[PDB]
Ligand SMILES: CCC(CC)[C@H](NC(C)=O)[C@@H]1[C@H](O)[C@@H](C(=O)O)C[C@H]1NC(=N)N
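Only one chain comes next, encoded as structure tokens, the form deposited without this ligand.
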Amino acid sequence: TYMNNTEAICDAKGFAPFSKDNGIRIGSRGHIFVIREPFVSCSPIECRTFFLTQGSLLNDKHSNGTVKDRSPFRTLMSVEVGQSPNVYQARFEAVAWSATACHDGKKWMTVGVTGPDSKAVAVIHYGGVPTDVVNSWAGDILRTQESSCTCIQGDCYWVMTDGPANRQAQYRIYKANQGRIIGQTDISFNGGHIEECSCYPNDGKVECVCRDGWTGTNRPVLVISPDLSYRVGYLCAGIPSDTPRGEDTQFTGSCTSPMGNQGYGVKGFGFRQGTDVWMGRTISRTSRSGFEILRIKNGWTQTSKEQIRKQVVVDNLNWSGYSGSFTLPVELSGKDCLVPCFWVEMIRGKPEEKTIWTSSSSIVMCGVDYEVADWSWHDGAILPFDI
């Protein structure tokens, strides 16, 4: 049966640790894939950790990291949450150097984008087999979320970007059922930029907190309705949650346009709590180091900067990286609301470290009705490796 992800996001006071793979520590001797983007998505039976692979293994010359991100080897694979992205427990998903995945209640739908920069192709898989395709409509590195997509009552939605990573790019919302594209939509967001959206279902709609890699230090936001009508802008919150970014004091929030002159960025996430918001972010305003998660009152609908809670998951002396959102299906939590959870990728090796390779580990957190103490569940690997 299809999954009713119709409920509202549970109001949480903190986040308890879900899992930790320790993929890299384990990689010092085991057979682990050098990965990237260990995002999480759950089926009504289990949560899995998806990731990208170059077909290389840590401590092997193939992890030479000199291989382009968008290479002809990159593939999306997966394991159960917590297990390392090891070769022997891995499930193949799709050829891809950019992907997204979600379960609709019956089968897994995955979307692997591969091919050339000017004419890439995103293959949609359903039940472990390709079912539909999407060709680059703008001929400039077609890409997607790199985190869980969202299925609601049988139809799954996800956001895709095609165009430059600086100036205006083009953004679209896609909708499928059983691996078959049944609807799409162009997003008008002039002056705004959208990349690597972190979504989740909430009150029958799909909410996403994305990344503005053009000129915004605050995160773009777009609420998608099942008929592909939508709203889009920025996390109102008067606090910047991207990286790099400026100081909170020198930031005036905006629900409309991007604020801050910073241009780069990093994938992040955020959860609506009624009118409040849980927003994640690197602790360092300059580096992908540390990871904290703050709750701002009315931060979803107001240029508020009233911090109600601050929970540290990765101290600033440790590397972090991408982070994404996903939801615990009701059939797993046994709740009447959708438990909001997120994952935090922790990057090790190049460029901040002296190794010939680059990979990441992960730590997953989930809702919870209690305040959870600060701590650091960092990677832990001892670099460099035998190389």
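For the two forms, the rigid core is made up of the largest set of C-alpha atoms that agree within 1.5 Å on superposition. All residue numbers are counted from 1 along the displayed sequence.
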Quiz item: On average, which has the higher Cα B-factor in the deposited entry, 149 to 157 or 244 to 252?
Solution: 244 to 252
Quiz item: Comparing 254 to 262 with 192 to 200, where is the mean C-alpha B-factor higher?
Solution: 254 to 262
Quiz item: Per the entry, which of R143, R167, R74, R281 tops the list for Cα B factor?
Solution: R167
Practice problem: Please pick out which of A99, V81, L317, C102 has the largest Cα B-factor as recorded in the entry. | Solution: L317
Practice problem: Grab the CA temperature factor for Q89 from the record and place it in the lowest, middle or highest third of its chain. | Solution: lowest
Exercise. Using the B-factors in the PDB entry, rank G367's C-alpha atom against the chain and give the third, lowest, middle or highest.
Key: highest
Quiz item: Mind checking which third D21 falls in for C-alpha B-factor across the chain?
Solution: lowest
Self-check item: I239 by Cα B-factor - lowest, middle or highest third of the modelled chain
Solution: highest
Quiz item: In terms of the chain's CA B-factor thirds, is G213 lowest, middle or highest?
Solution: middle
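Another form, the form solved in complex with this ligand, is not on view; read the next lines as being about it.
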Quiz item: this ligand placed by superposing the site C-alphas onto its pose in the entry with it bound: is the shown form open or blocked, blocked being 3 or more ligand atoms within 2.4 Å of backbone or C-beta?
Solution: open
Self-check item: All of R36, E146 and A165 within 4.5 Å of this ligand in the entry with it bound, heavy atom check
Solution: yes
Exercise. May I ask you to choose, among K175, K205, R295, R288, the residue with a heavy atom within 4.5 Å of this ligand in the entry with it bound?
Key: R288
Self-check item: Candidate from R211, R281, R245, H125 lying within 4.5 Å of this ligand in the entry with it bound - any heavy atom
Solution: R211
Quiz prompt | in the entry with it bound, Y264 touching this ligand (heavy atom, 4.5 Å) | solution = yes
Practice problem: Answer for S98 alone: is it within 4.5 Å of this ligand in the entry with it bound, judged on heavy atom distances? | Solution: yes
Quiz item: Would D69 count as a contact of this ligand in the entry with it bound, using a 4.5 angstroms cut-off between non-hydrogen atoms?
Solution: yes
Quiz item: Contact between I152 and this ligand in the entry with it bound at 4.5 Å, heavy atoms?
Solution: no
Practice problem: Choose from 90 to 98, 129 to 137, 226 to 234, 245 to 253 the stretch whose residues reach within 4.5 Å of this ligand in the entry with it bound, heavy atoms counted. | Solution: 90 to 98
Quiz item: Which residues within 185 to 217 place at least one heavy atom within 4.5 Å of this ligand in the entry with it bound?
Solution: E195, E196, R211
Exercise. Considering only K68, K335, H62, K350, single out the residue whose C-alpha is displaced by at least 2 Å between the shown form and the other one after superposing the rigid core.
Key: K68
